[PDB]
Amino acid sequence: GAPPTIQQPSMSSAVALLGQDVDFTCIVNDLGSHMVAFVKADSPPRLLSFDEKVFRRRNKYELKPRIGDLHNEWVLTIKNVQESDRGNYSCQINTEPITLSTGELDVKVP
């Protein structure tokens, strides 16, 4: 009987090198009938995936929903990271009020 929670370690902040693939993991306990979205928290924020669907650029963003041992890990992959991919990424659960976890990506050029 608990509401959805985001479990450690989720949305870890990272420094990556240009061209790496970068994963953001959102581990959700007690998701129930709620749903998960990934967002780039720029201004304006950009939707990356909602539920089990990648919103755009399937060659740039990948989603692996409900994986891990407990089938509760949501993994967003950013392919081939560039300087434009720097910034904050969020995992959102559609509770009310929303439940969020955010991590920051830095990208260094050789």
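Start at 1 with the first residue shown and count on from there.
- Higher mean CA temperature factor between 42 to 50 and 63 to 71: 63 to 71, per the PDB entry.
- Relative to one another, 53 to 61 and 26 to 34 have unequal mean CA B-factors, and 53 to 61 is the one with the higher figure.
- When the modelled residues of the chain are ordered by their C-alpha B factor, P97 lands in the lowest third.
- In the PDB entry, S12 places in the middle third of its chain by CA B-factor.
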